[PDB]
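One structure is given below, encoded as structure tokens.
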Amino acid sequence: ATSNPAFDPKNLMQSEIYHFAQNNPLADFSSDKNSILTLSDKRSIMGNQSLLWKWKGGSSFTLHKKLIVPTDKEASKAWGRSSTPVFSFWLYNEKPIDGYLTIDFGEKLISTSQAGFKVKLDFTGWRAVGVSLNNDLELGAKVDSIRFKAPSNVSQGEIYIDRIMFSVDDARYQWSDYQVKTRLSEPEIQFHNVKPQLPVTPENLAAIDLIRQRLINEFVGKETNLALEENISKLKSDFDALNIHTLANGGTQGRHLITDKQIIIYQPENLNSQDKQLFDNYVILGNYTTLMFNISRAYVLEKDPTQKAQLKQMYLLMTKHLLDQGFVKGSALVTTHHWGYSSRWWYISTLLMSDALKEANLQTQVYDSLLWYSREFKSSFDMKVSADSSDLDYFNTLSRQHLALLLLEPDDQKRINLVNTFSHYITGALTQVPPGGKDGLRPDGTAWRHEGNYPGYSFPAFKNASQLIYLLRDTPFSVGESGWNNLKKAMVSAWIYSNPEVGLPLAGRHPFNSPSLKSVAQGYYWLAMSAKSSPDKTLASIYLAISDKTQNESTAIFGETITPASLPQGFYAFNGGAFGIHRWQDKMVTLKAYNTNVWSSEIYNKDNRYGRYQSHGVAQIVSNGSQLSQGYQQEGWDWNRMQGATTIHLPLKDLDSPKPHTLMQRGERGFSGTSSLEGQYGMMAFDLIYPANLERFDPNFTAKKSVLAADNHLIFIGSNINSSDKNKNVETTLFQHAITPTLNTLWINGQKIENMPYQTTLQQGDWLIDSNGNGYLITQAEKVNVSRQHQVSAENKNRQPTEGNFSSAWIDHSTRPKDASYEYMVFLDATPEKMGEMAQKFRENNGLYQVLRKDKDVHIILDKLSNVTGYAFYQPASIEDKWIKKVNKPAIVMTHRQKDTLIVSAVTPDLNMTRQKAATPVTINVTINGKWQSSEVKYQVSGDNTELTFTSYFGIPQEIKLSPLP
Ligand SMILES: CC(=O)N[C@@H]1[C@@H](O[C@@H]2OC(C(=O)O)=C[C@H](O)[C@H]2O)[C@@H](OS(=O)(=O)O)[C@@H](CO)O[C@H]1O
Ligand SMILES: CC(=O)N[C@@H]1[C@@H](O[C@@H]2OC(C(=O)O)=C[C@H](O)[C@H]2O)[C@@H](OS(=O)(=O)O)[C@@H](CO)O[C@H]1O
Ligand SMILES: CC(=O)N[C@@H]1[C@@H](O[C@@H]2OC(C(=O)O)=C[C@H](O)[C@H]2O)[C@@H](OS(=O)(=O)O)[C@@H](CO)O[C@H]1O
Ligand SMILES: [Mg+2]
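So for the sequence shown, the working numbering puts the first residue at 562; every next one is plus one.
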């Protein structure tokens, strides 16, 4: 505290604090006849002393401090977000008082003299008070008097006060509680309850205690966001440093506890050096509760009875300190927003310490406390299923915490009601198809957060959702089979689209830091072992593959011999993210587009800045293993040249998102994505359309890009490529990878190239092989550049320069100013000898494939190696073809004529929904030539032809096997 007024223009953001850790500390204070003030060192919040105020009923003391109270506008301009001037303090009652403390503000007040507020005094321990001076009083520039007036209707009493403060605070976070009414309130949890109720029986009580034990087992037997500490020496040393001591007639003294979000009220960056030094003695709650949790785990595992006893005493003393510091029911502490970051491991520690809390008589207080602070999470904790219940962040950061809270409920019947309701809640959350872009699982196996498929968020949700189902398994509280089934689909999907990292196109705002299925491994074991008929051999086989365990290891784990899964093979469509996966031997190809329902990229203030082309009809090839080891290196990466994309090559200043903060650029039509045939073959259809008027986006940049994938190969074709500038700098990238000693060789037309730098130009009938064993045969292009070169780039978070050596090849479309095009073919198992054979087949009247149509309405590719035909109907059309005659909607159709059968698949990758609306099925009429008889697809012979009726729900292909009618 300084001679300056509160909210002084020298530094408006500089808090004034009466902590009394200074020379002459009651200088600014005056008491009437019926009040006495002293410093006590018995307890304190900031510094070693607090103000002891002995009073008779209705007496006052006054703090003489000039306040230049800012407007909310002024406070907000001074900090840079919505703000208000706040008055705050802490007070301690050793005994409850049946009445109100009155705080008045005005000019030259004495005992007997504008605006003010009430604090209810019916409590013990520390409480915080915090009000907006502009919004929460019932303030003229002349205020110099803050009068603290004891209750009238109570004849005498005693209150400790510390850390009287004037500060600028976030205008969201002065919360009402049982002591003070503010303009803001976070209402208490109101638990939902499902009927019929399970009875309290020995069996249902035993099931509840088993679930608690199963949770203990998971936390004492490797968690992200848990700073595990198993060394007891270190735990004792961190605990002793808290300087906690029990006080004679109750409470503790010890270092003040504060959350990471509570510190904002001080404006720590602007504190005077004297206050900063006292503020620096605080303990961050997250660290404290992590310590409580590490002690609780140590205590469960401890075999030495003396140490075990000490570890319990440390946990219970930490608990007593936390409660006396005011972390109790009906105590807002001004705010506790983002509560989970501060308390997640407190919830869990209560499971481990549940008998110790019972015996110590703390269980009711800790339950009441945690329930009150959980009110932030009311939309999930109330357990009424809603469109928002499938929240993937909840599954990661809160679900086990929610269960822990319920299990801490002291009444047996209410506990069983809560966990029965919890089981129904989780079943509905994991079953329902949320509408529009709301978080959660989807029917093609995608899993959404931030309004799209998002592995970076779904992977931790899968881990902890599987674990929850496993914790509840084989009890009256087990998750419904519908939730198990839906989660299995999402987790088998993740196994298919990861190798073991998800490709660059699925990286979200974290390109080159893809999530890995390795982090989700245990979830596969948990889901396998929680099947109705356990173990689920598919999920068990995947757990062994991802965790690198042998068949020999399987019996001990699953209780039967299970062969580790081989890598999935074939083609899988995932229109939830307008992608598909082609798998052959150990390679995965992520084919990815975007549309109205699928954002191209997520770009934040400091993430993915150059991600514009993340979904530009990419086809990233990944062999099983580290993407970085395969040359997907961020340093020097040309962000223009994402593999398979057609792009405008831009300077990074122009490729950077034009929004300073967030851009999730959606596409201009519903249709773009993939389809599948027989689980083996795929097609991508990508209609590249830019916005009419978004800065840095050329409104005339267009392309039609199709890919047909089968067996060891993919056929890429493009047409109708254009830009505002005659295709200047318009390119299609074949590949890009870093050059390293293990990734040092290219082949071009049978010649090994290792020189750096190196450039050359290829055309139709030429071929290359990248260092990853991918062959590229150029089948229609006038100009294909190949480069081995030093590149300069910038990192996707802070735009800081980077550099690296790269091999790349791209098609230069500037040779064709209007309606540029390309064709090329990729061989996944290329060798120089096989590429020689493929080039010869191409020269033999193209024995590889045939493009039957390549225009703005339809692309049709006949694959002569696989005998499969893909039809990308960018527009409904009638066509001339042996099999397909007409399609009445934008669609992807595929055919395979084998022996006595024609197999036809159809879909629209359009999910037929909005950010708000549920997806509804699209009916597609596909007329095929000739008379056929035969799947949910309906058919009807109509003259010489056969009408097939497909139902495309959420971009999920359907297929039918037809045979010819005489
Ligand atoms: C603020 C912003 O850019 N985006 C909001 C999301 O915030 C990010 O994502 C998450 C997250 O857990 O999903 C946490 C961090 O705040 C941000 O990295 C997110 O907001 S929220 O979860 O923080 O409330 C979503 C909520 O659906 O909204 C984005 O706008
Ligand atoms: C999409 C996303 O940001 N997910 C969050 C995680 O972030 C990814 O994983 C990690 C990681 O090692 O945790 C780091 C990178 O930020 C991302 O690759 C992760 O967030 S954070 O704590 O790492 O900032 C988790 C933490 O709860 O939240 C993810 O889901
Ligand atoms: C003006 C407008 O609607 N812009 C849209 C964005 O929303 C704004 O920006 C952000 C931000 O994090 O940058 C948050 C607020 O919602 C708005 O101030 C944003 O839409 S959304 O994702 O927030 O729904 C983007 C997504 O591309 O669309 C903006 O341009
Ligand atoms: Mg003090």
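By construction, the Cβ of each residue, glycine as well, lies at the ideal position given by its N, Cα and C atoms.
Neighbourhood of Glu-1256 by C-beta, 7 Å cutoff - its chain only, sequence neighbours within 5 removed: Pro-1219
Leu-573 versus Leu-771 - alpha carbon distance: 56 Å
Bounding residues of the beta strand (DSSP E) (the contiguous stretch that carries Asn-1506): 1506 to 1513
Cβ neighbour criterion (16 or more within 10 Å) applied to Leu-913: buried
Residue ranges of each alpha helix (DSSP H) within the region 1078 to 1154, 4 or longer: 1082 to 1090, 1098 to 1107, 1112 to 1119
Contact test: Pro-1021 Cβ vs ligand 2 heavy atom, cutoff 6 Å: yes
Cβ-based neighbour list, residue 558, same chain, cut-off 6 Å, excluding 5 preceding and 5 following: There is simply no residue 558 to check, as the chain begins at 562 and stops at 1527 in what is shown.
Distance between beta carbons of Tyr-739 and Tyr-653, contact taken as under 8 Å: 16 Å between Cβ atoms; not a contact.
Host beta strand (DSSP E) of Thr-982 (start-end): No beta strand (DSSP E) holds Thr-982; the alpha helix (DSSP H) holding it covers 973 to 992.
Buried versus exposed call for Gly-701 [16 or more other C-beta atoms within 10 Å across all chains shown]: exposed
N- and C-terminal bounds of the alpha helix (DSSP H) containing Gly-1044: Unbroken alpha helix (DSSP H) run through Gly-1044: 1042 to 1057.
For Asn-1407 and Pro-1362, the rounded distance between their alpha carbons: 45 Å
Start and end residues, alpha helix (DSSP H) containing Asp-836: 834 to 840
Contact test: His-1071 Cβ vs ligand 2 heavy atom, cutoff 6 Å: In this structure, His-1071 has its CB closer than 6 Å to one or more heavy atoms of ligand 2.
Below-7 Å beta-carbon distance, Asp-1471 vs any chain C residue: Among the chains of the structure shown, chain C does not appear; only one protein chain is present.
Within the region 1278 to 1309, ranges of the beta strand (DSSP E) (whole runs, at least 3 residues): 1291 to 1299, 1307 to 1309
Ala-1299 vs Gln-1194 beta-carbon contact at 7 Å: yes
DSSP three-state assignment for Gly-901, whether helix, strand or coil: helix
Contact test: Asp-1168 Cβ vs ligand 1 heavy atom, cutoff 6 Å: no
Residue span of the beta strand (DSSP E) that contains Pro-646, given as start and end: Boundaries of the beta strand (DSSP E) harbouring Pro-646: 644 to 654, taken from the DSSP string.
Residue burial classification, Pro-1066 (beta-carbon count within 10 angstroms, cutoff 16): buried
Ligand 3 heavy atom lying under 6 Å from the CB of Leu-1032: no
Test item: CB-CB of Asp-723 and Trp-614 under 7 Å: no
DSSP three-state assignment for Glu-1356, whether helix, strand or coil: coil
C-alpha gap between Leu-789 and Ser-1077, whole angstroms: 22 Å
Entirely enclosed alpha helix (DSSP H) segments - the region 799 to 875, minimum 4 residues: 834 to 840, 846 to 862
Close beta carbons around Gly-1234, own chain, < 6 Å, minus the five adjacent residues each side: Correct list, in chain order: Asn-1136, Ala-1139, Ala-1154, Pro-1470, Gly-1516.
Residue from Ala-1270, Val-1183, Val-1291 whose Cα sits closest to the Cα of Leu-1211: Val-1291
Inter-residue Cα distance where the pair is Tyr-876 and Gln-774: Cα to Cα, the separation comes out at about 19 Å.
Closest Cα partner of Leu-1029 within the set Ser-1091, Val-1150, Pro-1125: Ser-1091
Cβ-based neighbour list, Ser-637, same chain, cut-off 7 Å, excluding 5 preceding and 5 following: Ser-643, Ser-644
Test item: CB-CB of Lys-1492 and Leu-1526 under 7 Å: yes
Candidates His-899, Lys-1049, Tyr-928, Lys-1093: closest to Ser-915 by CA position: Ranking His-899, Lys-1049, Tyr-928, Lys-1093 by CA distance to the CA of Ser-915 puts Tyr-928 first.
Contact the region 1236 to 1250 vs the region 1345 to 1356: 3+ CB pairs below 8 Å: no
Residues near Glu-1196 by beta carbon distance below 6 Å, same chain, minus five either side: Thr-1363, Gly-1365
Top-ranked residue by Cα proximity to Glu-1405, from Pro-1393, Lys-1425, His-1420: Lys-1425
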